[PDB]
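Below is the file input.cif, which contains mmCIF, C-alpha atoms.
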```
data_structure
#
loop_
_atom_site.label_atom_id
_atom_site.label_comp_id
_atom_site.auth_asym_id
_atom_site.auth_seq_id
_atom_site.Cartn_x
_atom_site.Cartn_y
_atom_site.Cartn_z
CA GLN E 4 5.38 19.67 -28.77
CA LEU E 5 5.14 18.57 -25.13
CA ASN E 6 8.86 19.33 -25.09
CA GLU E 7 7.99 23.00 -25.58
CA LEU E 8 5.45 22.94 -22.75
CA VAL E 9 7.66 21.41 -20.03
CA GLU E 10 10.31 24.10 -20.51
CA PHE E 11 7.81 26.65 -19.19
CA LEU E 12 8.02 24.88 -15.83
CA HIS E 13 11.16 26.98 -15.25
CA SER E 14 9.78 30.20 -16.70
CA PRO E 15 10.49 33.30 -14.60
CA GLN E 16 6.76 34.11 -14.52
CA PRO E 17 4.56 32.37 -11.89
CA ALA E 18 1.41 32.56 -14.05
CA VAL E 19 3.18 30.80 -16.93
CA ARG E 20 4.47 28.06 -14.62
CA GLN E 21 0.94 27.66 -13.27
CA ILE E 22 -0.55 27.15 -16.73
CA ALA E 23 2.28 24.79 -17.66
CA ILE E 24 1.83 22.39 -14.74
CA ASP E 25 -1.96 22.51 -15.06
CA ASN E 26 -1.70 21.19 -18.63
CA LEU E 27 1.09 18.69 -17.91
CA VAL E 28 -0.27 16.77 -14.92
CA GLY E 29 -2.61 14.80 -17.18
CA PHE E 30 0.28 13.63 -19.35
CA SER E 31 2.26 12.26 -16.38
CA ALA E 32 0.46 8.91 -16.13
CA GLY E 33 0.70 7.40 -19.61
CA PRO E 34 3.42 6.69 -22.22
CA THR E 35 3.67 10.47 -22.70
CA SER E 36 5.46 10.75 -19.34
CA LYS E 37 8.87 10.47 -21.05
CA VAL E 38 8.83 14.25 -21.54
CA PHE E 39 9.46 14.80 -17.82
CA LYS E 40 12.85 13.12 -18.24
CA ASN E 41 14.13 15.55 -20.89
CA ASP E 42 17.41 17.41 -20.33
CA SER E 43 18.61 15.17 -17.49
CA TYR E 44 15.22 15.26 -15.72
CA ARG E 45 15.00 19.06 -15.75
CA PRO E 46 11.18 19.06 -15.53
CA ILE E 47 11.36 16.98 -12.32
CA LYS E 48 13.81 19.45 -10.78
CA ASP E 49 11.57 22.36 -11.80
CA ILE E 50 8.42 20.79 -10.34
CA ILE E 51 10.28 20.10 -7.09
CA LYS E 52 11.20 23.79 -6.97
CA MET E 53 7.60 24.89 -7.59
CA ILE E 54 6.30 22.68 -4.78
CA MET E 55 8.80 24.03 -2.22
CA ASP E 56 8.33 27.70 -3.18
CA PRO E 57 7.01 29.39 0.00
CA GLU E 58 5.44 32.22 -1.97
CA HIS E 59 4.01 30.64 -5.15
CA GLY E 60 3.51 27.06 -3.98
CA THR E 61 -0.28 27.19 -3.69
CA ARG E 62 -2.49 24.29 -2.59
CA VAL E 63 -3.38 23.41 -6.18
CA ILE E 64 0.15 23.59 -7.59
CA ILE E 65 1.48 21.41 -4.76
CA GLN E 66 -1.32 18.91 -5.37
CA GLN E 67 -0.54 18.85 -9.11
CA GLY E 68 3.24 18.70 -8.69
CA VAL E 69 3.11 15.91 -6.12
CA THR E 70 0.61 14.03 -8.31
CA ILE E 71 3.15 14.21 -11.14
CA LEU E 72 5.99 13.06 -8.89
CA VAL E 73 3.91 10.15 -7.55
CA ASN E 74 3.25 8.92 -11.11
CA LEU E 75 6.87 9.27 -12.23
CA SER E 76 8.16 7.80 -8.96
CA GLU E 77 7.68 4.31 -10.43
CA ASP E 78 10.93 4.90 -12.33
CA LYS E 79 13.95 4.41 -10.07
CA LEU E 80 16.01 6.99 -11.95
CA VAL E 81 13.39 9.62 -11.10
CA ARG E 82 13.47 8.63 -7.43
CA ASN E 83 17.21 9.34 -7.51
CA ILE E 84 16.57 12.90 -8.64
CA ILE E 85 13.86 13.48 -6.05
CA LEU E 86 16.10 12.32 -3.19
CA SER E 87 19.70 13.10 -4.13
CA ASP E 88 19.59 16.08 -6.51
CA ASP E 89 18.29 18.39 -3.78
CA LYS E 90 18.51 17.17 -0.18
CA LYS E 91 16.04 19.83 0.99
CA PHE E 92 13.03 18.17 -0.64
CA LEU E 93 13.03 15.17 1.68
CA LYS E 94 13.22 17.52 4.68
CA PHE E 95 10.46 19.60 3.13
CA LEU E 96 8.32 16.54 2.45
CA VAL E 97 8.38 14.85 5.87
CA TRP E 98 7.77 18.10 7.77
CA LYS E 99 4.86 19.13 5.53
CA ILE E 100 3.33 15.70 6.24
CA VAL E 101 3.33 16.32 10.00
CA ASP E 102 1.88 19.81 9.48
CA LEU E 103 -1.73 19.08 10.40
CA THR E 104 -3.02 22.02 8.34
CA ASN E 105 -1.66 20.56 5.09
CA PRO E 106 -4.48 19.40 2.79
CA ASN E 107 -2.02 17.44 0.62
CA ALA E 108 -0.55 15.31 3.41
CA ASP E 109 -2.03 12.00 2.20
CA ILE E 110 -0.91 12.24 -1.42
CA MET E 111 2.51 13.18 -0.01
CA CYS E 112 2.55 10.08 2.17
CA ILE E 113 2.12 8.08 -1.03
CA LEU E 114 5.12 9.80 -2.61
CA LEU E 115 7.11 9.16 0.57
CA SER E 116 6.27 5.44 0.49
CA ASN E 117 7.40 5.23 -3.14
CA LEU E 118 10.73 6.89 -2.37
CA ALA E 119 11.29 4.33 0.39
CA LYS E 120 12.18 1.75 -2.27
CA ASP E 121 15.66 3.32 -2.48
CA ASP E 122 18.14 3.22 0.40
CA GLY E 123 18.60 6.97 0.03
CA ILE E 124 15.41 7.22 2.08
CA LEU E 125 17.50 6.31 5.14
CA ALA E 126 18.31 10.02 5.41
CA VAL E 127 14.94 10.44 7.16
CA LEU E 128 16.37 8.70 10.24
CA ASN E 129 18.71 11.69 10.73
CA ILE E 130 16.32 14.51 9.85
CA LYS E 131 15.71 16.61 12.95
CA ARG E 132 14.93 20.24 13.77
CA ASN E 133 16.30 22.44 16.56
CA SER E 134 13.00 23.72 18.00
CA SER E 135 9.28 22.96 17.72
CA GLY E 136 8.41 26.52 16.66
CA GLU E 137 8.38 28.14 13.21
CA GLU E 138 11.97 27.81 12.08
CA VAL E 139 14.26 28.34 9.10
CA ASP E 140 16.32 25.30 8.08
CA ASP E 141 18.62 25.46 5.06
CA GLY E 142 16.38 28.04 3.41
CA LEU E 143 13.11 26.28 4.26
CA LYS E 144 10.27 27.80 6.27
CA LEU E 145 9.35 24.86 8.50
CA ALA E 146 5.92 25.43 10.05
CA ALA E 147 5.59 25.17 13.83
CA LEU E 148 4.95 21.73 15.30
CA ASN E 149 1.80 21.00 17.26
CA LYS E 150 3.51 20.70 20.65
CA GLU E 151 0.47 18.92 22.13
CA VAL E 152 0.76 16.08 19.60
CA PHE E 153 4.47 15.93 18.77
CA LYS E 154 6.92 15.57 21.68
CA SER E 155 9.91 14.80 19.43
CA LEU E 156 12.16 16.92 17.23
CA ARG E 157 13.06 13.95 15.01
CA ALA E 158 11.04 13.44 11.83
CA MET E 159 10.84 9.64 12.12
CA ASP E 160 9.26 10.03 15.55
CA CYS E 161 6.75 12.54 14.19
CA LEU E 162 5.81 10.37 11.23
CA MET E 163 5.21 7.52 13.68
CA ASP E 164 2.93 9.77 15.74
CA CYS E 165 0.96 10.77 12.64
CA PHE E 166 0.44 7.13 11.74
CA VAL E 167 -0.38 5.89 15.24
CA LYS E 168 -2.64 8.78 16.32
CA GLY E 169 -3.89 10.05 12.96
CA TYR E 170 -5.94 7.09 11.75
CA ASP E 171 -9.60 7.64 10.85
CA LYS E 172 -8.85 11.37 10.56
CA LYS E 173 -8.24 11.82 14.31
CA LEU E 174 -5.55 14.49 13.79
CA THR E 175 -6.63 16.02 10.47
CA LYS E 176 -9.76 16.23 8.32
CA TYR E 177 -7.52 15.90 5.26
CA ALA E 178 -5.54 12.74 6.01
CA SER E 179 -5.47 9.36 7.75
CA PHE E 180 -1.81 8.67 6.89
CA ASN E 181 -2.54 5.09 5.79
CA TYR E 182 0.30 4.87 3.27
CA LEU E 183 2.94 5.60 5.91
CA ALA E 184 2.47 1.89 6.56
CA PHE E 185 4.13 1.15 3.21
CA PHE E 186 6.80 3.68 4.13
CA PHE E 187 7.57 1.79 7.35
CA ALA E 188 7.42 -1.50 5.47
CA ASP E 189 9.98 -0.43 2.87
CA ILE E 190 12.38 1.41 5.19
CA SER E 191 12.45 -1.53 7.63
CA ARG E 192 13.99 -3.69 4.87
CA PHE E 193 17.27 -1.84 5.48
CA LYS E 194 19.42 -2.62 8.52
CA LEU E 195 19.44 0.93 9.91
CA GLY E 196 15.68 1.11 9.34
CA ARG E 197 15.04 -2.16 11.16
CA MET E 198 17.08 -0.88 14.08
CA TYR E 199 14.69 2.03 14.53
CA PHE E 200 11.67 -0.19 15.05
CA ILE E 201 13.17 -2.66 17.56
CA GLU E 202 15.07 -0.16 19.75
CA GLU E 203 13.63 2.06 22.47
CA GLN E 204 13.47 5.71 21.38
CA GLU E 205 14.12 8.58 23.80
CA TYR E 206 11.19 10.88 23.04
CA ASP E 207 8.56 8.54 24.55
CA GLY E 208 10.61 5.61 25.83
CA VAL E 209 8.89 2.84 23.85
CA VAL E 210 9.98 0.41 21.14
CA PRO E 211 8.24 1.72 17.98
CA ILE E 212 7.15 -1.69 16.63
CA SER E 213 4.81 -2.10 19.61
CA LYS E 214 2.84 0.98 18.53
CA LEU E 215 2.03 -0.62 15.16
CA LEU E 216 0.81 -4.00 16.40
CA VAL E 217 -2.73 -2.81 17.17
CA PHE E 218 -3.42 -2.15 13.47
CA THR E 219 -2.96 -5.81 12.59
CA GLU E 220 -6.70 -6.17 13.31
CA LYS E 221 -7.92 -2.99 11.57
CA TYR E 222 -10.28 -4.54 9.02
CA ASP E 223 -11.49 -1.32 7.42
CA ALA E 224 -7.93 -0.41 6.35
CA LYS E 225 -6.10 -3.09 4.37
CA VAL E 226 -3.21 -0.76 3.46
CA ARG E 227 -2.35 -0.42 7.15
CA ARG E 228 -2.66 -4.18 7.70
CA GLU E 229 -0.46 -4.92 4.68
CA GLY E 230 2.25 -2.43 5.62
CA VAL E 231 2.30 -3.32 9.31
CA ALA E 232 2.52 -7.04 8.56
CA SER E 233 5.64 -6.48 6.46
CA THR E 234 7.17 -4.14 9.03
CA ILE E 235 6.85 -6.79 11.74
CA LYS E 236 8.38 -9.40 9.43
CA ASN E 237 11.29 -7.15 8.46
CA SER E 238 11.91 -6.23 12.09
CA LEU E 239 12.50 -9.91 12.92
CA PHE E 240 15.32 -10.33 10.39
CA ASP E 241 18.06 -10.90 13.00
CA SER E 242 17.41 -14.06 15.03
CA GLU E 243 19.60 -12.86 17.90
CA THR E 244 16.93 -10.25 18.70
CA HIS E 245 14.03 -12.70 18.97
CA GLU E 246 14.40 -13.73 22.62
CA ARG E 247 14.48 -10.10 23.75
CA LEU E 248 11.49 -9.14 21.59
CA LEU E 249 9.32 -12.14 22.47
CA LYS E 250 9.86 -11.80 26.23
CA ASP E 251 9.49 -8.02 26.50
CA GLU E 252 5.99 -7.77 27.97
CA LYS E 253 5.52 -4.06 27.17
CA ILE E 254 6.04 -4.88 23.50
CA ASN E 255 3.81 -7.97 23.62
CA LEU E 256 4.57 -9.08 20.07
CA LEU E 257 3.20 -12.60 19.57
CA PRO E 258 -0.54 -12.10 20.22
CA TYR E 259 -0.84 -9.54 17.41
CA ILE E 260 0.90 -11.90 14.99
CA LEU E 261 -1.54 -14.68 15.91
CA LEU E 262 -4.88 -12.85 16.11
CA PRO E 263 -5.18 -12.49 12.32
CA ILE E 264 -4.80 -16.27 11.86
CA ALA E 265 -7.24 -17.13 14.67
CA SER E 266 -10.97 -17.82 14.32
CA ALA E 267 -13.85 -18.33 16.73
CA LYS E 268 -15.76 -20.66 14.40
CA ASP E 269 -14.57 -23.87 12.67
CA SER E 270 -11.44 -24.06 14.86
CA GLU E 271 -11.11 -27.16 17.05
CA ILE E 272 -8.62 -26.67 19.89
CA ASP E 273 -8.38 -28.66 23.14
CA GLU E 274 -9.15 -27.04 26.50
CA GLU E 275 -5.57 -27.82 27.50
CA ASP E 276 -4.03 -26.09 24.48
CA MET E 277 -6.46 -23.18 24.78
CA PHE E 278 -5.29 -22.49 28.33
CA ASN E 279 -1.76 -21.93 27.00
CA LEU E 280 -2.84 -19.39 24.37
CA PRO E 281 -1.98 -15.73 25.06
CA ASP E 282 -4.66 -13.84 27.04
CA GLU E 283 -5.74 -11.93 23.93
CA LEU E 284 -6.46 -15.20 22.10
CA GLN E 285 -8.81 -16.37 24.87
CA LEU E 286 -12.58 -15.88 25.01
CA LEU E 287 -12.76 -14.54 21.46
CA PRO E 288 -15.96 -12.92 20.17
CA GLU E 289 -18.24 -15.36 18.36
CA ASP E 290 -17.92 -13.41 15.11
CA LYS E 291 -14.10 -13.31 15.29
CA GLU E 292 -12.68 -14.35 11.91
CA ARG E 293 -9.32 -14.57 10.14
CA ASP E 294 -7.86 -11.86 7.91
CA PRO E 295 -9.43 -12.60 4.51
CA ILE E 296 -6.38 -11.47 2.50
CA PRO E 297 -4.05 -14.47 2.00
CA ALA E 298 -0.94 -12.37 1.32
CA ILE E 299 -1.27 -10.70 4.71
CA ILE E 300 -1.75 -14.07 6.43
CA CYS E 301 1.28 -15.48 4.62
CA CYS E 302 3.29 -12.50 5.78
CA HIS E 303 2.32 -13.30 9.37
CA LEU E 304 3.29 -16.95 8.94
CA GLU E 305 6.64 -15.82 7.56
CA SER E 306 7.09 -13.89 10.82
CA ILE E 307 6.20 -16.93 12.92
CA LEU E 308 8.60 -18.94 10.77
CA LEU E 309 11.38 -16.44 11.46
CA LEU E 310 10.71 -16.81 15.18
CA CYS E 311 11.26 -20.55 14.71
CA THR E 312 14.93 -19.99 13.83
CA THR E 313 15.99 -20.10 17.49
CA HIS E 314 15.42 -22.89 20.04
CA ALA E 315 14.45 -20.28 22.63
CA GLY E 316 11.96 -18.92 20.11
CA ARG E 317 10.53 -22.34 19.27
CA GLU E 318 10.20 -23.11 22.98
CA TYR E 319 8.33 -19.84 23.46
CA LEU E 320 5.99 -20.48 20.52
CA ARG E 321 5.27 -24.08 21.57
CA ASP E 322 4.48 -22.87 25.10
CA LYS E 323 1.94 -20.40 23.68
CA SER E 324 -0.01 -22.96 21.63
CA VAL E 325 1.15 -21.71 18.23
CA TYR E 326 1.04 -25.21 16.74
CA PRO E 327 -2.71 -25.82 17.32
CA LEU E 328 -3.39 -22.37 15.88
CA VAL E 329 -1.34 -23.13 12.75
CA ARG E 330 -2.92 -26.59 12.47
CA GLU E 331 -6.46 -25.20 12.39
CA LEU E 332 -5.42 -22.56 9.85
CA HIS E 333 -4.09 -25.38 7.67
CA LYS E 334 -7.33 -27.35 8.00
CA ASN E 335 -9.81 -24.55 7.37
CA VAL E 336 -8.22 -22.28 4.74
CA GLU E 337 -7.66 -23.94 1.37
CA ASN E 338 -4.85 -21.90 -0.17
CA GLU E 339 -1.66 -23.54 -1.43
CA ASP E 340 0.69 -20.76 -0.27
CA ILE E 341 -0.75 -20.67 3.24
CA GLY E 342 -0.59 -24.47 3.33
CA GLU E 343 3.08 -24.59 2.38
CA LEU E 344 3.98 -22.10 5.13
CA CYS E 345 1.89 -23.93 7.72
CA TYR E 346 3.81 -27.18 7.29
CA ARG E 347 7.10 -25.30 7.14
CA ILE E 348 6.29 -23.89 10.58
CA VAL E 349 5.33 -27.34 11.85
CA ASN E 350 8.61 -28.71 10.46
CA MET E 351 10.44 -26.25 12.69
CA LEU E 352 8.28 -26.73 15.78
CA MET E 353 8.94 -30.46 15.41
CA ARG E 354 12.70 -30.29 16.07
CA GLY E 355 14.19 -30.24 19.56
CA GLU E 356 17.31 -28.71 21.08
CA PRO E 357 20.63 -28.67 19.18
#
```

Take the structure I supplied and represent it as structure tokens, if you would.
Amino acid sequence: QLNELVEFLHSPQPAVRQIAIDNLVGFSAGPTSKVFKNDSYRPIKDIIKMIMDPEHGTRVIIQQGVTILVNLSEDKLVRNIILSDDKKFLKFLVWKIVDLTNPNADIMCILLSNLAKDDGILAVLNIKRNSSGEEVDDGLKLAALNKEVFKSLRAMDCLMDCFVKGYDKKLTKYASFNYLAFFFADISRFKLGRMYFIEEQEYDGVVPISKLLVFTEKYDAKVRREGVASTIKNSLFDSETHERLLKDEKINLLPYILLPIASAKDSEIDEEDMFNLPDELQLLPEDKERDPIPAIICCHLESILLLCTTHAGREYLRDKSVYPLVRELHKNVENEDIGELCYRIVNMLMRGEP
């Protein structure tokens, strides 16, 4: 019955396809979503084709198709089809996200973050275009880049720009790009993805991880705080990079890891210890409080714990009064998980040189 309806997704007639997807989008959330996997995931492939169609891919059809893909993207076998069956779709997806006229950019960011669970997403690191004007690439009509906003020709650089500059609808009335945080979080799990965030990029000469740090304190957007916290943690996977990253003053990593676990009230720290805190941790507002979400805090402690792997790192953290900060977190926040991590950090800061 639904089997009959999905087949019309590859009808030759646009108006039939339109009626088909309009009636199917509702059935893509529940148990009934098995129908989209018929005939070796033919309906998925059809929907992907409808979305990319320059002529018949209207605003509504794109919104419906992407909504379907988002729902089905929970299944890993579907994510395979979306990424590997047709390589154009990923190119289509990332470039339509940076098109600041696209009203479906946000819901597409969600799809992108879901696809980032599979290592096939690493293809985004190589996606580039030849010029910033309206261009044809492998049969795709790429819209022209906003040259004022986007100085790069690489997609990863443009997605970064959208995230960093596009919060609170500063670039588009349609999107804030919050879920690109989860995209960065998931892609940074992979080695090649981690290498993007901790290495200086040519197009603007900065290490990308530094551009994310400011959102650690954005308390009206927990998705951005969650994603950024994980991205920092993943970026610190290799301990041989820690000395470089901690001591690079134009990155300035540590203060933005510590601010979320710092509080103005309830925290008792000596004048002597307070003098050794980073500048940003000094003279805090009186209403300054810790991140209320424990999972985010734990993620930050995991990062601090990673930075305790190396003697040079531990020396740096001890010199910046990380121990008093972790002590007062342990005292004032009764949560078992946070507590465990606090004493794990102290265990590491306790040991000397090997």

From the set E:325, E:143, E:304, E:84, which residue has the shortest atom-to-atom contact distance to residue 281 of chain E, counting all atoms listed in the file?
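So, comparing all the options, the nearest one is E:325.
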
Which centre and edge lengths in Å to one decimal define the box along x, y and z that fits every listed atom of segment 296-309 of chain E plus 4 Å per side, as AutoDock Vina command-line options?
```
--center_x 2.5 --center_y -14.8 --center_z 7.1 --size_x 25.8 --size_y 16.2 --size_z 19.6
```

If the PyMOL selection byres ((chain E and resi 229) around 9) is run on the structure shown, which residues does it catch, given as a ChimeraX atom specification?
/E:184-185,188,219,224-228,230-234,298-299,302

Can you spell out as a count of residues only the set of residues that the PyMOL selection byres ((chain E and resi 93-96) around 10) selects in the structure I just provided?
32

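With all atoms listed in the file as the atoms that count, the residue of E:349, E:286, E:22, E:51 with the shortest distance to residue 65 of chain E is E:51.
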
Go through E:146, E:5, E:320, E:174 and flag the residue nearest residue 351 of chain E, using all atoms listed in the file for the distances.
E:320

List the neighbours of segment 252-266 of chain E out to 9 Å using all atoms listed in the file; skip same-chain residues closer than 2 positions along the sequence, and give me the result as an MDAnalysis selection string.
chainID E and resid 209:214 216:220 232 235 248:250 268:270 280:284 287 289:295 299:300 303:304 306:307 320 323 325 328:329 331:332

Ranking E:187, E:4, E:135, E:181 by minimum distance to residue 159 of chain E and counting only C-alpha atoms, which one comes first?
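With only C-alpha atoms as the atom set, the closest residue is E:187.
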
Using all atoms listed in the file, find the one residue out of E:241, E:150, E:72, E:12 that sits nearest to residue 32 of chain E.
E:72

Scan for residues within 12 Å of the point (5.6, 30.4, -13.6) in the coordinates of the file, using all atoms listed in the file, and reply as a tab-separated table (two decimals) with C-alpha atoms, in the frame of the given file.
```
chain	number	residue	atom	x	y	z
E	8	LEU	CA	5.45	22.94	-22.75
E	9	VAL	CA	7.66	21.41	-20.03
E	10	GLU	CA	10.31	24.10	-20.51
E	11	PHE	CA	7.81	26.65	-19.19
E	12	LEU	CA	8.02	24.88	-15.83
E	13	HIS	CA	11.16	26.98	-15.25
E	14	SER	CA	9.78	30.20	-16.70
E	15	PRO	CA	10.49	33.30	-14.60
E	16	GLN	CA	6.76	34.11	-14.52
E	17	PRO	CA	4.56	32.37	-11.89
E	18	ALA	CA	1.41	32.56	-14.05
E	19	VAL	CA	3.18	30.80	-16.93
E	20	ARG	CA	4.47	28.06	-14.62
E	21	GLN	CA	0.94	27.66	-13.27
E	22	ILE	CA	-0.55	27.15	-16.73
E	23	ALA	CA	2.28	24.79	-17.66
E	24	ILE	CA	1.83	22.39	-14.74
E	25	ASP	CA	-1.96	22.51	-15.06
E	49	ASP	CA	11.57	22.36	-11.80
E	50	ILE	CA	8.42	20.79	-10.34
E	52	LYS	CA	11.20	23.79	-6.97
E	53	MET	CA	7.60	24.89	-7.59
E	54	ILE	CA	6.30	22.68	-4.78
E	56	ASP	CA	8.33	27.70	-3.18
E	58	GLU	CA	5.44	32.22	-1.97
E	59	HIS	CA	4.01	30.64	-5.15
E	60	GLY	CA	3.51	27.06	-3.98
E	61	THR	CA	-0.28	27.19	-3.69
E	64	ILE	CA	0.15	23.59	-7.59
```

Suppose you want the space between atom CA of residue 177 of chain E and atom CA of residue 148 of chain E; what is it in Å?
17.0 Å

To one decimal place, how far is atom CA of residue 317 of chain E from atom CA of residue 352 of chain E in Å?
6.0 Å

Nearby residues (all atoms listed in the file) at most 12 Å from residue 357 of chain E, same-chain spacing under 4 positions excluded, as number ranges by chain:
E: 312-315, 317
